[PDB]
Each structure stands twice: as C-alpha cells, then as structure tokens.
C-alpha cells in the first residue's frame with residue numbers, strides 16, 4: 001500500500017502550486033498575503049515530514065503544531081471581513097492571481113482526502129489533517145480578497161443565491 | 001470516497017478552467033471566453049449532481065460542446081499528426097484543462113461502477129477533453145503560433 | 001471498442017497530465033536565455049508520449065517493441081549533473097518557487113512524482129517497461145535541477161526553508 005507516500009506527495013504538490021500562486025501577486029499590494037503564503041510553504045514542508053513518519057518517537061516529535069491552524073483561522077476571519085459579503089456562489093477565477101489561489105484551494109482538498117484515508121489506515125499527526133482542512137478555507141478567502149484589491153469582480157454563478 | 005473524489009476533481013478542473021480564462025485576450029477570444037464561463041457553471045452543476053446520493057446537468061450541455069467542437073475543428077488546421085500539449089501559454093493552459101478533465105472522467109467512470117450517476121456528467125467530461133483540445137488548437141491558430149508536433 | 005476502464009486505456013494516459021504541465025513550463029522560458037532547457041523540455045514531451053505507448057503494452061504476451069530506451073534516462077542524468085554544476089551550492093532545503101518559470105518547473109517535479117506513483121500501481125496489472133519507471137523517477141530530479149538553474153539565470157534566489 002502507498003497511501004502514506006501519496007499523502008506526502010500531494011502535500012508537496014500543493015506546496016508547488018502555492019509557489020506558483022505567490023509569483024502572481026504584486027509585492028506591494030499583497031505583502032501580507034505573500035508573507036503568509038511563504039509561511040504556509042514552510043508549514044507544508046513540515047506537514048510532509050510529519051506524514052512520512054511511520055511512528056512518532058521520543059527524539060523526533062511532530063513539527064506541525066496547533067498554532068499553525070490557529071493562525072489560518074485568524075486570517076480567514078480577517079479576509080472574510082475585508083471582502084464584500086458573499087451573495088452568490090463563487091466560480092473559481094477572476095484575476096490570474098485569484099485563479100491560481102483557487103487551484104491551491106482544490107489541491108488542498110485533494111491533499112486532505114489522502115490524509116483522511118491515511119488516518120483510517122494508521123497514525124497521523126492530527127494537526128496535519130486540521131491544517132489541510134483549514135487551508136482550503138484560507139485559499140478561498142484570500143482569493144476573494146485578491147480580486148477585491150485588484151478591483152475585479154469575483155466570478156459568480158449567475159442568479160444563484162447562497 | 002469515490003464520490004467525494006469525483007466531485008472534488010470536477011471542482012479542481014473548474015479551477016484550472018478559471019486559470020485558462022485569464023490567459024485569453026478578451027477581444028481575440030470573446031467566443032471561447034464566454035464558452036469557458038458557461039462551462040464553469042456546468043461543472044458546478046455536474047459537481048452537485050455527483051454529490052447526490054432532479055439532476056441539473058442535461059443533454060443540451062453535451063450537444064453544445066459537440067457543436068462548438070465541430071466549429072473549431074473546421075477553423076483549425078487539418079490535423080494529421082500527433083500534437084503535444086502547449087504552444088502559446090494560453091493553449092498550454094487549455095491542454096492542462098484537457099488532461100485534468102480526463103482525470104475527472106476516470107473517477108466518474110469508477111463511480112459509475114460503484115453506484116448510480118447522472119450519465120450526462122460522464123458524457124460531458126468526455127466531450128470536454130475533445131473541446132479543450134480543439135480550442136487549444138484554435139488559440140494557437142488565432143495567435144499565429146505553431147502547435148507542438150510529436151514528429 | 002475497449003471498456004471505459006480498460007487498464008490499457010488508463011495506462012496509455014498516465015503521463016499526459018505531466019506532459020501538459022511541461023507544456024505550460026516551456027512557455028515561461030525565453031529562448032534567448034533557455035534554448036538548452038527549452039529544447040530538452042520538448043524532447044521530454046516526445047519521450048513522455050512514447051512512455052504512454054509502452055505503458056499501454058502491459059498486457060502484451062509477445063515481445064514488446066518498446067519506444068522508451070535507456071539512453072533517455074542516461075540523458076537526464078547527464079543534464080542533471082550539468083545543472084547541479086551550474087546552480088549555486090545547495091545547502092538548505094528548497095521550497096518550490098522563486099521565479100514564475102521556476103515555480104512551473106517545481107509543479108512538473110511534483111506531477112512527475114505523481115505519475116511515478118501511478119506507474120508503480122500499474123505494476124499490479126501487468127509488466128511495465130522498467131525504463132519508464134526509471135525515467136519518471138529521474139524526471140523529478142531533472143525538474144528540480146532545472147528549476148534552480150532557471151532562478152539562477154534570472155538572478156533570483158531560490159526560496160529556502162528557514
């Protein structure tokens with residue numbers, strides 16, 4: 001079975017798409033968000049290492065800790081506040097930068113599904129699962145802020161309502 | 001988790017469509033951009049259909065792709081060679097959509113083996129990979145850049 | 001003619017997604033700075049197409065006229081060495097990204113690893129040309145090496161784990 005290897009592979013894949021997304025973001029307009037995304041990459045590197053550990057050991061604790069989840073939650077609340085109230089369902093995209101963040105959103109969910117599957121097979125750091133779960137919410141929230149700061153509409157499913 | 005994987009992968013495709021749209025000049029590609037926005041609504045509908053244990057995705061959305069595929073095959077150079085993905089950045093982004101549609105399709109096939117699906121969703125994903133291939137070639141054509149040939 | 005889930009059909013499409021991400025990566029690279037790497041990436045696309053054909057032969061009971069041959073693996077190894085030599089000494093772990101071009105090649109790296117995992121799972125269904133697995137294995141190393149050279153030539157730092 002290869003669920004563990006696929007899980008840390010998929011967190012690595014996510015990390016690579018985060019790298020691409022950063023490059024879409026102007027340094028001045030998104031200095032906050034760019035800093036967060038670099039932080040997230042560091043954290044995804046730690047999550048991958050944690051996933052690769054078959055059993056956590058005395059001399060080798062998990063690196064991914066609760067604080068990283070708490071931070072995402074703080075930023076999500078901030079970005080929901082910043083963006084216009086959501087009136088309709090959102091289709092991914094708008095600005096190239098927002099689009100790249102929606103890709104990160106969906107790939108986070110893919111990584112999550114694999115960690116859920118791993119958890120069913122054996123021991124994981126539960127922080128990694130919680131982190132990936134919140135990341136999709138984070139990427140959704142910042143994508144909307146990115147469109148907002150760039151003065152472009154989110155793409156909406158027409159005539160829908162939340 | 002096949003069902004959840006299938007609708008997550010339709011959502012992933014939808015996100016890649018969102019990125020491809022941003023590669024396309026609004027004037028040069030008004031037709032194809034409008035179609036891609038339409039497809040994103042349809043993929044959202046397909047995801048909802050997949051998550052159901054009436055279906056929203058209907059035959060007409062497949063017939064639309066088929067009509068456009070024909071229109072674009074007519075516009076594009078006569079293909080008699082294997083084509084590798086890429087050329088313009090915009091065409092490349094649409095070839096990515098093609099391959100990710102095929103990934104979504106594989107999961108929906110697997111889901112169909114396990115339980116009832118809306119057959120329209122499978123057929124639509126299948127046709128989408130042909131659509132993305134044909135539009136990618138039109139995009140390179142309109143930009144006056146070559147497709148990438150295998151030989 | 002064949003079932004929708006015929007293993008040979010699935011096997012045939014294994015490397016297509018990676019091929020498309022290579023396509024995107026090429027478009028990020030200026031011919032005047034990257035003629036070498038661009039030429040090799042087109043070569044790799046032709047090779048990935050050949051790998052698909054070979055994978056589709058996994059149930060063939062006769063001798064297989066494989067198209068993927070040792071030489072292409074040797075080629076990647078030599079170019080990797082060249083690019084390691086060019087790039088600055090690697091002393092920290094690298095986070096994927098930096099330039100948009102390098103970021104797109106890090107995406108190829110992770111997608112190649114995904115394709116490699118797919119190919120290992122196909123070994124349960126038939127006999128896989130060993131060159132294809134070796135090739136995909138080395139490709140992730142090739143993409144890592146070129147991503148670093150791409151940042152170097154663009155005079156931008158790699159993104160480091162710190």
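No value in this document is a laboratory result; all are computed from the given coordinates. Positions of Cβ are backbone-derived with ideal geometry, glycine not excepted, and every protein chain shown enters the neighbour counts.
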* May I ask you to verify whether residue C:54 is exposed (fewer than 13 other Cβ atoms within 10 Å of the Cβ) and more than 14 Å from chain B (Cβ to nearest Cβ)? => no
* To do: Could you run through segment C:8-32 and say how many residues are over 22 Å from residue C:121 (Cβ atoms), touching a helix residue (DSSP H, G or I) at 6+ places or on another chain (Cβ under 8 Å) and not in a helix (DSSP H, G or I)?
  => 3
* Mind checking whether some residue in segment B:80-102 is more than 11 Å from every other protein chain (Cβ to nearest Cβ) and more than 15 Å from the chain's Cα centre (by Cα)? -> yes
* Structure fact -> A careful count of residues in segment B:107-151 that are under 14 Å from the mean Cα position of the chain (by Cα), farther than 22 Å from residue C:46 by Cβ and facing chain C (nearest Cβ under 10 Å) gives 2
